[PDB]
file model_6.cif (mmCIF, C-alpha atoms)
data_upload
#
loop_
_atom_site.label_atom_id
_atom_site.label_comp_id
_atom_site.auth_asym_id
_atom_site.auth_seq_id
_atom_site.Cartn_x
_atom_site.Cartn_y
_atom_site.Cartn_z
CA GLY A 5062 3.20 -3.93 -9.87
CA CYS A 5063 4.46 -3.91 -6.35
CA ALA A 5064 7.42 -2.85 -4.22
CA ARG A 5065 8.07 -6.40 -3.01
CA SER A 5066 8.58 -7.76 -6.44
CA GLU A 5067 11.09 -5.18 -7.50
CA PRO A 5068 14.74 -5.65 -6.51
CA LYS A 5069 16.77 -3.55 -4.02
CA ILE A 5070 19.83 -2.73 -6.21
CA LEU A 5071 23.12 -3.08 -4.40
CA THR A 5072 26.49 -1.91 -6.19
CA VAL B 31 17.08 -36.28 10.55
CA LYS B 32 15.65 -34.23 7.80
CA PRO B 33 12.13 -33.46 6.62
CA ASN B 34 10.80 -34.93 3.25
CA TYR B 35 8.62 -32.14 1.91
CA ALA B 36 7.21 -33.14 -1.46
CA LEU B 37 5.02 -31.22 -3.86
CA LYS B 38 1.30 -31.79 -3.48
CA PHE B 39 -0.48 -28.91 -5.24
CA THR B 40 0.25 -25.98 -7.59
CA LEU B 41 -1.98 -22.94 -6.96
CA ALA B 42 -1.95 -21.01 -10.22
CA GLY B 43 -4.13 -17.98 -11.12
CA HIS B 44 -2.31 -14.81 -10.24
CA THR B 45 -1.41 -12.92 -13.36
CA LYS B 46 1.77 -11.26 -12.09
CA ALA B 47 4.41 -11.91 -9.36
CA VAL B 48 3.06 -13.33 -6.11
CA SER B 49 4.34 -11.21 -3.15
CA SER B 50 3.22 -12.90 0.05
CA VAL B 51 1.38 -16.05 1.23
CA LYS B 52 0.07 -16.62 4.76
CA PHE B 53 -1.89 -19.48 6.40
CA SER B 54 -4.90 -18.50 8.40
CA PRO B 55 -4.49 -19.09 12.15
CA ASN B 56 -7.30 -21.69 12.09
CA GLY B 57 -5.43 -23.69 9.53
CA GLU B 58 -8.23 -23.79 6.94
CA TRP B 59 -6.96 -21.20 4.40
CA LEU B 60 -4.00 -19.70 2.56
CA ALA B 61 -4.17 -16.05 1.51
CA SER B 62 -1.96 -14.67 -1.26
CA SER B 63 -1.22 -11.17 -2.48
CA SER B 64 0.26 -10.17 -5.80
CA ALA B 65 1.54 -7.47 -8.10
CA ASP B 66 -1.69 -8.15 -10.07
CA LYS B 67 -3.57 -6.09 -7.34
CA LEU B 68 -5.55 -9.08 -6.17
CA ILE B 69 -5.72 -11.24 -3.07
CA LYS B 70 -6.70 -14.88 -3.43
CA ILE B 71 -7.90 -17.34 -0.83
CA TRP B 72 -7.16 -21.05 -1.25
CA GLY B 73 -7.83 -24.18 0.78
CA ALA B 74 -4.80 -24.88 3.00
CA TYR B 75 -4.96 -28.67 2.64
CA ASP B 76 -5.98 -29.19 -0.97
CA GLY B 77 -5.04 -25.86 -2.59
CA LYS B 78 -8.59 -25.38 -3.93
CA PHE B 79 -9.19 -21.84 -5.15
CA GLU B 80 -11.82 -20.13 -2.95
CA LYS B 81 -12.06 -16.50 -3.93
CA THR B 82 -10.55 -13.46 -5.47
CA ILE B 83 -10.59 -10.23 -3.44
CA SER B 84 -10.08 -7.00 -5.36
CA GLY B 85 -10.02 -3.23 -4.81
CA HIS B 86 -6.43 -2.03 -4.45
CA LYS B 87 -5.42 0.36 -7.23
CA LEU B 88 -1.80 -0.85 -7.50
CA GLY B 89 0.17 -3.95 -6.66
CA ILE B 90 0.12 -5.51 -3.14
CA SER B 91 3.34 -6.35 -1.29
CA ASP B 92 1.92 -8.10 1.80
CA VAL B 93 -1.22 -9.58 3.33
CA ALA B 94 -1.89 -10.81 6.88
CA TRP B 95 -4.71 -12.50 8.86
CA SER B 96 -6.48 -11.47 12.05
CA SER B 97 -6.38 -13.88 14.97
CA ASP B 98 -9.87 -15.24 14.41
CA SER B 99 -9.26 -15.88 10.70
CA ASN B 100 -12.06 -13.57 9.73
CA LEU B 101 -10.20 -10.51 8.47
CA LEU B 102 -7.23 -9.72 6.25
CA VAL B 103 -5.09 -6.63 5.93
CA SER B 104 -3.09 -5.82 2.80
CA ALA B 105 -0.31 -3.37 2.06
CA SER B 106 -0.15 -1.78 -1.40
CA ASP B 107 1.88 0.50 -3.67
CA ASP B 108 -1.38 2.61 -3.73
CA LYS B 109 -0.07 3.99 -0.30
CA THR B 110 -2.95 2.44 1.56
CA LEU B 111 -3.69 -0.66 3.60
CA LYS B 112 -7.09 -2.29 3.32
CA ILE B 113 -8.97 -4.36 5.87
CA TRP B 114 -11.09 -7.12 4.32
CA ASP B 115 -13.94 -9.31 5.50
CA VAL B 116 -12.78 -12.62 4.17
CA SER B 117 -16.32 -14.14 4.29
CA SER B 118 -17.77 -11.53 1.97
CA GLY B 119 -14.59 -10.36 0.18
CA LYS B 120 -15.50 -6.79 0.99
CA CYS B 121 -13.18 -3.92 1.99
CA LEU B 122 -14.16 -2.70 5.42
CA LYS B 123 -11.61 0.15 5.77
CA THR B 124 -8.92 1.87 3.77
CA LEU B 125 -6.05 2.97 6.02
CA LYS B 126 -4.60 6.23 4.64
CA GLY B 127 -1.59 8.19 5.93
CA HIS B 128 1.63 6.68 4.55
CA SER B 129 3.22 8.89 1.95
CA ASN B 130 4.82 6.16 -0.14
CA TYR B 131 4.33 2.40 -0.91
CA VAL B 132 3.12 0.37 2.03
CA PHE B 133 5.33 -2.73 2.15
CA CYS B 134 4.51 -4.92 5.15
CA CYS B 135 1.66 -5.35 7.60
CA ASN B 136 0.39 -7.44 10.51
CA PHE B 137 -2.41 -7.59 13.11
CA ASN B 138 -1.56 -7.86 16.76
CA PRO B 139 -2.77 -11.06 18.43
CA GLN B 140 -5.75 -9.17 19.90
CA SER B 141 -6.40 -7.96 16.37
CA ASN B 142 -7.61 -4.53 17.57
CA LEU B 143 -4.42 -3.02 16.01
CA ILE B 144 -2.56 -3.23 12.69
CA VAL B 145 1.14 -2.34 12.29
CA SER B 146 2.51 -1.27 8.87
CA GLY B 147 5.91 -0.38 7.42
CA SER B 148 6.47 1.75 4.37
CA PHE B 149 8.98 3.11 1.90
CA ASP B 150 8.24 6.43 3.73
CA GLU B 151 10.52 5.12 6.48
CA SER B 152 7.84 5.03 9.09
CA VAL B 153 6.01 2.40 11.09
CA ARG B 154 2.34 3.20 11.66
CA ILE B 155 -0.02 1.64 14.20
CA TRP B 156 -3.74 1.66 13.26
CA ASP B 157 -7.01 1.10 15.05
CA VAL B 158 -8.81 -1.79 13.31
CA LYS B 159 -12.28 -0.63 14.38
CA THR B 160 -12.00 3.04 13.20
CA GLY B 161 -9.31 2.72 10.61
CA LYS B 162 -7.56 5.66 12.14
CA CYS B 163 -3.79 5.91 12.56
CA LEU B 164 -2.99 5.97 16.29
CA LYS B 165 0.83 6.40 16.15
CA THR B 166 3.52 7.14 13.57
CA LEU B 167 6.96 5.95 14.68
CA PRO B 168 9.90 7.68 12.94
CA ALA B 169 11.38 4.21 13.02
CA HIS B 170 14.05 4.10 10.32
CA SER B 171 16.09 6.15 7.83
CA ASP B 172 15.25 3.95 4.78
CA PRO B 173 12.32 1.73 3.67
CA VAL B 174 10.82 -0.51 6.39
CA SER B 175 10.99 -4.12 5.14
CA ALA B 176 9.08 -5.93 7.88
CA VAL B 177 6.95 -5.34 11.01
CA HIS B 178 5.64 -8.04 13.42
CA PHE B 179 4.03 -8.12 16.89
CA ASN B 180 5.02 -10.44 19.71
CA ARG B 181 2.68 -12.95 21.28
CA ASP B 182 0.81 -10.51 23.58
CA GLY B 183 1.09 -7.51 21.28
CA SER B 184 3.26 -5.61 23.79
CA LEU B 185 6.22 -5.35 21.34
CA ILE B 186 6.70 -4.67 17.65
CA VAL B 187 9.89 -5.62 15.77
CA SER B 188 10.77 -3.67 12.65
CA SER B 189 13.57 -3.99 10.09
CA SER B 190 14.87 -1.69 7.39
CA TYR B 191 17.30 -1.11 4.54
CA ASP B 192 19.03 1.25 7.00
CA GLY B 193 20.66 -1.85 8.55
CA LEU B 194 18.72 -1.83 11.80
CA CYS B 195 16.27 -4.11 13.53
CA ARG B 196 14.37 -2.24 16.29
CA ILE B 197 12.08 -3.53 19.04
CA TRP B 198 9.33 -1.09 20.06
CA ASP B 199 7.03 -0.85 23.09
CA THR B 200 3.64 -0.83 21.37
CA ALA B 201 1.86 1.29 23.90
CA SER B 202 4.49 3.99 24.57
CA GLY B 203 6.04 4.11 21.13
CA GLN B 204 9.57 3.91 22.65
CA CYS B 205 12.39 1.94 21.06
CA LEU B 206 13.58 -0.64 23.60
CA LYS B 207 16.46 -2.17 21.60
CA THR B 208 18.37 -1.65 18.37
CA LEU B 209 20.09 -4.87 16.99
CA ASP B 213 28.48 -5.19 9.90
CA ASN B 214 25.58 -2.97 8.46
CA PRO B 215 23.82 -4.89 5.61
CA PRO B 216 20.14 -3.95 4.66
CA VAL B 217 17.75 -5.93 6.87
CA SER B 218 15.15 -7.37 4.52
CA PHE B 219 12.87 -9.32 6.88
CA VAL B 220 12.30 -9.89 10.57
CA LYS B 221 9.76 -11.78 12.80
CA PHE B 222 9.34 -13.09 16.32
CA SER B 223 9.37 -16.86 16.91
CA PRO B 224 5.94 -18.57 17.43
CA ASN B 225 6.52 -18.37 21.17
CA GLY B 226 7.91 -14.80 21.26
CA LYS B 227 11.29 -15.46 22.71
CA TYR B 228 13.49 -15.07 19.63
CA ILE B 229 13.62 -13.08 16.46
CA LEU B 230 14.69 -14.26 13.00
CA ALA B 231 16.21 -11.62 10.73
CA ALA B 232 17.26 -11.72 7.09
CA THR B 233 20.00 -9.46 5.68
CA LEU B 234 20.84 -8.87 2.01
CA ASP B 235 24.19 -10.64 2.36
CA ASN B 236 22.71 -14.08 1.97
CA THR B 237 22.31 -14.58 5.73
CA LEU B 238 19.55 -15.36 8.23
CA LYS B 239 20.20 -14.84 11.94
CA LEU B 240 18.36 -15.98 15.07
CA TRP B 241 18.68 -13.41 17.84
CA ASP B 242 18.04 -13.71 21.57
CA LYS B 245 20.33 -9.77 25.41
CA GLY B 246 20.69 -8.51 21.86
CA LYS B 247 22.94 -11.34 20.71
CA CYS B 248 22.95 -13.47 17.61
CA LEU B 249 22.63 -17.15 18.62
CA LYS B 250 22.55 -18.86 15.12
CA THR B 251 23.39 -17.99 11.55
CA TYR B 252 21.92 -19.88 8.54
CA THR B 253 23.50 -19.54 5.13
CA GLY B 254 23.87 -21.33 1.81
CA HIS B 255 20.92 -19.69 -0.01
CA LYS B 256 20.85 -16.56 -2.15
CA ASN B 257 19.36 -13.33 -0.77
CA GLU B 258 20.87 -10.06 -1.99
CA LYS B 259 17.92 -8.34 -3.69
CA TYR B 260 14.48 -9.12 -2.29
CA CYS B 261 12.63 -8.99 0.99
CA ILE B 262 12.10 -12.73 1.30
CA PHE B 263 9.91 -14.06 4.10
CA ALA B 264 11.48 -16.63 6.45
CA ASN B 265 9.81 -18.83 9.05
CA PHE B 266 10.18 -21.09 12.03
CA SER B 267 8.64 -24.48 11.30
CA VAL B 268 7.62 -26.16 14.55
CA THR B 269 4.83 -28.67 13.81
CA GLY B 270 7.27 -31.58 13.28
CA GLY B 271 11.04 -31.29 13.43
CA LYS B 272 12.29 -27.79 14.30
CA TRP B 273 13.40 -26.07 11.12
CA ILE B 274 14.06 -22.63 9.64
CA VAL B 275 12.42 -22.21 6.19
CA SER B 276 13.07 -19.50 3.64
CA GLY B 277 12.84 -18.79 -0.08
CA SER B 278 15.87 -17.89 -2.10
CA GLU B 279 16.94 -16.05 -5.21
CA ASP B 280 18.10 -19.35 -6.87
CA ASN B 281 14.41 -20.21 -7.04
CA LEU B 282 14.54 -22.77 -4.23
CA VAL B 283 13.00 -23.20 -0.79
CA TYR B 284 15.75 -23.88 1.77
CA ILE B 285 15.12 -25.70 5.04
CA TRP B 286 17.75 -25.72 7.82
CA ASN B 287 18.03 -27.62 11.06
CA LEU B 288 17.25 -24.89 13.69
CA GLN B 289 19.87 -26.08 16.17
CA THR B 290 22.71 -27.50 13.91
CA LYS B 291 22.29 -24.85 11.17
CA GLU B 292 22.80 -27.51 8.49
CA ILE B 293 20.71 -27.32 5.30
CA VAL B 294 18.44 -30.37 5.43
CA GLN B 295 16.29 -29.96 2.28
CA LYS B 296 15.89 -27.80 -0.79
CA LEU B 297 12.53 -27.69 -2.59
CA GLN B 298 12.61 -27.25 -6.40
CA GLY B 299 9.46 -26.16 -8.27
CA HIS B 300 9.65 -22.51 -9.13
CA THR B 301 11.16 -20.65 -12.09
CA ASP B 302 11.69 -17.32 -10.28
CA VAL B 303 12.71 -16.00 -6.87
CA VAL B 304 10.82 -17.71 -4.01
CA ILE B 305 9.74 -14.41 -2.35
CA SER B 306 7.51 -15.95 0.22
CA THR B 307 7.12 -19.07 2.27
CA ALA B 308 4.70 -19.84 5.07
CA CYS B 309 4.37 -22.78 7.52
CA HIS B 310 1.00 -24.18 8.43
CA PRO B 311 0.08 -23.76 12.09
CA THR B 312 -0.64 -27.46 12.92
CA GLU B 313 0.42 -29.71 9.98
CA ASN B 314 3.79 -30.08 8.27
CA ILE B 315 2.82 -28.01 5.22
CA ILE B 316 4.84 -25.28 3.55
CA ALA B 317 3.45 -22.80 1.00
CA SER B 318 5.93 -21.21 -1.39
CA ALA B 319 5.33 -18.41 -3.90
CA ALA B 320 7.38 -16.87 -6.65
CA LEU B 321 7.97 -13.71 -8.70
CA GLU B 322 6.99 -12.58 -12.26
CA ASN B 323 8.49 -15.38 -14.38
CA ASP B 324 6.64 -17.96 -12.25
CA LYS B 325 3.50 -16.46 -10.70
CA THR B 326 2.51 -19.67 -8.83
CA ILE B 327 2.12 -20.83 -5.30
CA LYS B 328 3.01 -24.42 -4.29
CA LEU B 329 1.94 -26.56 -1.32
CA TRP B 330 4.47 -29.09 -0.01
CA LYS B 331 3.91 -31.69 2.71
CA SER B 332 6.23 -33.72 4.95
CA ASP B 333 5.97 -36.50 7.54
CA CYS B 334 8.18 -34.46 9.89
#
call {"tool": "encode", "arguments": {"input": "model_6.cif", "output": "structure tokens"}}
result
Amino acid sequence: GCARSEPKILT
Amino acid sequence: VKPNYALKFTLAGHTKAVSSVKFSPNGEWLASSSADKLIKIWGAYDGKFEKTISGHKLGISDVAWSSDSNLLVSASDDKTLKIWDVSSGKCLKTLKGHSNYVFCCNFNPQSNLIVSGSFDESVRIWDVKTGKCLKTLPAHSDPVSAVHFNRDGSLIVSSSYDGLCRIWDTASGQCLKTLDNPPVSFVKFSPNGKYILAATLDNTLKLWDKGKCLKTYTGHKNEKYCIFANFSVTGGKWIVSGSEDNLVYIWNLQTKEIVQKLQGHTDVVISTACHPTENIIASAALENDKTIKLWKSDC
């Protein structure tokens, strides 16, 4: 599980 | 005039999302990192699996080669980087000091230094030989999405969710330039050093010179992930990126027109890389897909 494969949530 | 990239090989074997693929500078190899905590090495021309490198305790967000093709560095959620001997697969050093996930990494061209960016908001510069952190730049006010050296290692470019791209004097640590406000999700110098390509999470890529934007490329989807983009320069002169519609997009560098879309993946194409001497693109995708693909073109 890595940071790159998790989304940056915008709204 | 458009390229004609076509699928040649599917590199399957990771067991979770792929995060980053990179060609070795000597052209022989592709390295990949993944959320499955592994690095794999593959043949650049035939996609043949070569080895699995293991040791990180949590997923890996980035991997990068040294100039001579003999070492790798990886950046992991375990808050460390690791330096690897790619011959033996062994970890030479564990670089400790970031206080949150390490997200991005690169050697300088000399490959005596590594630069890293982290969710801790810093950029760190490390000595490859000792594994010691030489400088911590308080670079950003949000996670650092990318870090890259220029062609003689004298500059570093960094980007962040804080909306900034900053150019740093490596040796002094000073910020020489700060380049709306959307999160900047990726940045790199061109293969010659003269330009930078930056992605922002408003579905836009920009080529910057003077501190001025010279080209904008759009048409793809990029609002969520830190997707790698590239200059392709072995044939025609293209910009290449993945996209959140699961495609690879290729644009004409000068006209900005989309010239090809590559369809093979069933999740976000997080990473693309361009081979240093042949017209070959590697693409890699997230958790629903887990594969890497090699595509080749006559231009």
call {"tool": "interface_residues", "arguments": {"input": "model_6.cif", "of": "chain A", "to": "chain B", "cutoff": "6 Å", "atoms": "all atoms listed in the file", "output": "number ranges by chain"}}
result
A: 5062-5063, 5065, 5068-5069
call {"tool": "write_last_selection", "arguments": {"input": "model_6.cif", "atoms": "C-alpha atoms", "output": "JSON list (two decimals), in the frame of the given file"}}
result
[["chain", "number", "residue", "atom", "x", "y", "z"],
["A", 5062, "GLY", "CA", 3.20, -3.93, -9.87],
["A", 5063, "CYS", "CA", 4.46, -3.91, -6.35],
["A", 5065, "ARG", "CA", 8.07, -6.40, -3.01],
["A", 5068, "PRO", "CA", 14.74, -5.65, -6.51],
["A", 5069, "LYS", "CA", 16.77, -3.55, -4.02]]
call {"tool": "atom_distance", "arguments": {"input": "model_6.cif", "atom1": "CA of residue 126 (chain B)", "atom2": "CA of residue 183 (chain B)"}}
result
22.3 Å
call {"tool": "atom_distance", "arguments": {"input": "model_6.cif", "atom1": "CA of residue 280 (chain B)", "atom2": "CA of residue 256 (chain B)"}}
result
6.1 Å
call {"tool": "residues_near_point", "arguments": {"input": "model_6.cif", "point": "(10.6, -14.4, 18.8)", "cutoff": "9 Å", "atoms": "only C-alpha atoms", "output": "JSON, numbers by chain"}}
result
{"B": [180, 181, 221, 222, 223, 224, 225, 226, 227, 228, 229, 230, 240, 241, 242]}
call {"tool": "residues_around", "arguments": {"input": "model_6.cif", "residues": "residue 283 (chain B)", "least_positions_apart": "5", "cutoff": "10 Å", "atoms": "only C-alpha atoms", "output": "ChimeraX atom specification"}}
result
/B:255,264,275-278,295-300,303-307,316-319
call {"tool": "residues_around", "arguments": {"input": "model_6.cif", "residues": "residue 144 (chain B)", "least_positions_apart": "4", "cutoff": "12 Å", "atoms": "all atoms listed in the file", "output": "PyMOL selection string"}}
result
chain B and resi 93-97+101-105+111-113+123+125+134-140+153-165+177-179+183+186+200
call {"tool": "residues_around", "arguments": {"input": "model_6.cif", "residues": "residue 251 (chain B)", "least_positions_apart": "2", "cutoff": "8 Å", "atoms": "only C-alpha atoms", "output": "NGL selection string"}}
result
:B and (237-240 or 248-249 or 253 or 291)
call {"tool": "atom_distance", "arguments": {"input": "model_6.cif", "atom1": "CA of residue 268 (chain B)", "atom2": "CA of residue 330 (chain B)"}}
result
15.2 Å
call {"tool": "resolve_selection", "arguments": {"input": "model_6.cif", "expression": "the PyMOL selection byres ((chain B and resi 69) around 6)", "output": "number ranges by chain"}}
result
B: 62-63, 68, 70, 82-83
call {"tool": "decode", "arguments": {"input": "model_6.cif", "residues": "chain A", "atoms": "N, CA and C atoms", "output": "PDB file, in the first residue's frame"}}
result
ATOM      1  N   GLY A5062       0.824  -1.252   0.000  1.00  0.00           N
ATOM      2  CA  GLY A5062       0.000   0.000   0.000  1.00  0.00           C
ATOM      3  C   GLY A5062       0.829   1.260   0.000  1.00  0.00           C
ATOM      4  N   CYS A5063       0.782   2.043  -1.130  1.00  0.00           N
ATOM      5  CA  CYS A5063       1.574   3.213  -1.084  1.00  0.00           C
ATOM      6  C   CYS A5063       0.857   4.550  -1.326  1.00  0.00           C
ATOM      7  N   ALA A5064       1.583   5.640  -0.963  1.00  0.00           N
ATOM      8  CA  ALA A5064       1.012   6.970  -1.150  1.00  0.00           C
ATOM      9  C   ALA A5064       0.647   7.257  -2.621  1.00  0.00           C
ATOM     10  N   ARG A5065       1.490   6.831  -3.560  1.00  0.00           N
ATOM     11  CA  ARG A5065       1.218   7.136  -4.949  1.00  0.00           C
ATOM     12  C   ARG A5065      -0.033   6.529  -5.494  1.00  0.00           C
ATOM     13  N   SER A5066      -0.464   5.438  -4.887  1.00  0.00           N
ATOM     14  CA  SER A5066      -1.624   4.775  -5.464  1.00  0.00           C
ATOM     15  C   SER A5066      -2.922   5.097  -4.812  1.00  0.00           C
ATOM     16  N   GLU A5067      -2.875   6.024  -3.864  1.00  0.00           N
ATOM     17  CA  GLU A5067      -4.014   6.559  -3.197  1.00  0.00           C
ATOM     18  C   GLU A5067      -4.346   7.960  -3.738  1.00  0.00           C
ATOM     19  N   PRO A5068      -5.609   8.301  -3.859  1.00  0.00           N
ATOM     20  CA  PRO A5068      -5.943   9.549  -4.554  1.00  0.00           C
ATOM     21  C   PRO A5068      -5.813  10.742  -3.609  1.00  0.00           C
ATOM     22  N   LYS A5069      -5.518  11.907  -4.210  1.00  0.00           N
ATOM     23  CA  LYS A5069      -5.537  13.236  -3.546  1.00  0.00           C
ATOM     24  C   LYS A5069      -7.001  13.685  -3.752  1.00  0.00           C
ATOM     25  N   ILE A5070      -7.806  13.790  -2.681  1.00  0.00           N
ATOM     26  CA  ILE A5070      -9.204  14.102  -2.771  1.00  0.00           C
ATOM     27  C   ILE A5070      -9.390  15.588  -2.814  1.00  0.00           C
ATOM     28  N   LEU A5071      -9.975  16.026  -3.917  1.00  0.00           N
ATOM     29  CA  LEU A5071     -10.296  17.439  -4.148  1.00  0.00           C
ATOM     30  C   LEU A5071     -11.851  17.547  -4.294  1.00  0.00           C
ATOM     31  N   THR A5072     -12.454  18.487  -3.508  1.00  0.00           N
ATOM     32  CA  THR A5072     -13.889  18.886  -3.196  1.00  0.00           C
ATOM     33  C   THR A5072     -14.331  18.223  -1.866  1.00  0.00           C
TER      34      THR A5072
END
